[PDB]
Amino acid sequence: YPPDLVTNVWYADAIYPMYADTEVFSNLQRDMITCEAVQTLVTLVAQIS
Amino acid sequence: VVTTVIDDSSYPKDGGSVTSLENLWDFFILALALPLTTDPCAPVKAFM
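Protein chains in written order, with full-length UniProt numbering: chain B, 891 to 939; chain D, 603 to 650.
Okay, structure coming up:
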């Protein structure tokens, strides 16, 4: 380990820059739109089949 | 209409260190000015 390793300081220092993630929400909205597409597709198919 | 406030950065970085003598100096100065702060919740902040 680092000879002067303080877990609280090192982790906190790495975490502050590390904590900048928002990709999940955007991906969720895309998946949500994909799910609406799936349902809409089935409904159109139902009209035709 | 007037509020006295203190930057958290005035407090020791990363909350300070029990082993840090420089942090000890920051703590002493902070303790001295903590009563000075007009902030009502300032006691809570110094305690934290």
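All C-beta atoms, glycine included, are put in the ideal place defined by N, C-alpha and C.
Neighbours of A902 of chain B in chain D, taken as residues at a C-beta separation under 7 Å, are given in chain order as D616. For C925 of chain B, the enclosing alpha helix (DSSP H) has its first and last residue at 913-938.
The alpha-carbon of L626 of chain D is positioned some 12 Å away from that of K615 of chain D. Counted as a single uninterrupted DSSP element, the alpha helix (DSSP H) harbouring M908 of chain B occupies residues 897-908. What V899 of chain B touches in chain D, judged by beta-carbon distance under 8 Å, is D616, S619, going in chain order.
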